[PDB]
Every structure is written in structure tokens, then in C-alpha cells.
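Engineer: I'd like to ask you about the structure that follows.
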Amino acid sequence: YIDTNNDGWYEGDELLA
Ligand SMILES: [Cl-]
Ligand SMILES: [Cl-]
Ligand SMILES: [Cl-]
Ligand SMILES: [Tb+3]
């Protein structure tokens, strides 16, 4: 995964495929 919002987690739209 890519932590695009750099919050330290993989979540939300970062998981939206
Ligand atoms: Cl990756
Ligand atoms: Cl990342
Ligand atoms: Cl889809
Ligand atoms: Tb994130």
C-alpha cells in the first residue's frame, strides 16, 4: 500500500481499489 496522506497508516481511499 501507499500512505498517500502520510498519516502513518493505510486506510480509506488508500484502500479503495
Ligand atoms: Cl506498495
Ligand atoms: Cl507508503
Ligand atoms: Cl472496483
Ligand atoms: Tb494513510
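By order of appearance in the C-alpha cells: chains A, B, ..., then residues from 1 within every chain, and ligands from 1 in the order shown.
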Show me which residues sit within 8 Å of ligand 2 when counting only C-alpha atoms and all ligand atoms, and put them as a compact mmCIF listing (two decimals) with N, CA and C atoms, in the first residue's frame.
Structural biologist:
# COMPACT_ATOMS: atom_id res chain seq x y z
N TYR A 1 0.85 -1.23 0.00
CA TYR A 1 0.00 0.00 0.00
C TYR A 1 0.87 1.26 0.00
N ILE A 2 0.26 2.40 -0.32
CA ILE A 2 0.97 3.67 -0.33
C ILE A 2 0.22 4.63 0.61
N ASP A 3 0.91 5.09 1.65
CA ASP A 3 0.33 6.01 2.62
C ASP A 3 0.37 7.41 2.03
N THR A 4 -0.53 7.66 1.08
CA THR A 4 -0.60 8.94 0.39
C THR A 4 -0.87 10.16 1.26
N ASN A 6 0.21 10.37 4.26
CA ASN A 6 1.32 10.32 5.21
C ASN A 6 0.95 10.40 6.68
Engineer: To check your reading of the model: which residues sit at most 12 Å from ligand 3 when counting only C-alpha atoms and all ligand atoms? Write the answer as JSON, numbers by chain.
Structural biologist: {"A": [13, 15, 16, 17]}
Engineer: Using C-alpha atoms, can you export the residues from the last selection as a CSV table (one decimal), in the first residue's frame?
Structural biologist:
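This is the output file selection-v1.csv:
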chain,number,residue,atom,x,y,z
A,13,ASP,CA,-9.1,5.8,-0.2
A,15,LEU,CA,-7.5,1.0,0.3
A,16,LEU,CA,-10.1,2.0,-2.4
A,17,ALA,CA,-9.4,-0.1,-5.5
Engineer: Would you give me, as JSON lines, each residue of chain A having an atom within 7 Å of an atom of ligand 4, along with its shortest atom pair and that distance in Å to one decimal, using only C-alpha atoms and all ligand atoms and sorting by chain and residue number?
Structural biologist:
{"residue": "A:3", "atom": "CA", "partner": "ligand 4", "partner_atom_place_in_ligand_line": "1 (Tb)", "distance": 4.3}
{"residue": "A:4", "atom": "CA", "partner": "ligand 4", "partner_atom_place_in_ligand_line": "1 (Tb)", "distance": 5.8}
{"residue": "A:5", "atom": "CA", "partner": "ligand 4", "partner_atom_place_in_ligand_line": "1 (Tb)", "distance": 4.8}
{"residue": "A:6", "atom": "CA", "partner": "ligand 4", "partner_atom_place_in_ligand_line": "1 (Tb)", "distance": 5.4}
{"residue": "A:7", "atom": "CA", "partner": "ligand 4", "partner_atom_place_in_ligand_line": "1 (Tb)", "distance": 4.8}
{"residue": "A:8", "atom": "CA", "partner": "ligand 4", "partner_atom_place_in_ligand_line": "1 (Tb)", "distance": 5.7}
{"residue": "A:9", "atom": "CA", "partner": "ligand 4", "partner_atom_place_in_ligand_line": "1 (Tb)", "distance": 4.2}
{"residue": "A:10", "atom": "CA", "partner": "ligand 4", "partner_atom_place_in_ligand_line": "1 (Tb)", "distance": 4.4}
{"residue": "A:11", "atom": "CA", "partner": "ligand 4", "partner_atom_place_in_ligand_line": "1 (Tb)", "distance": 5.2}
{"residue": "A:14", "atom": "CA", "partner": "ligand 4", "partner_atom_place_in_ligand_line": "1 (Tb)", "distance": 6.5}
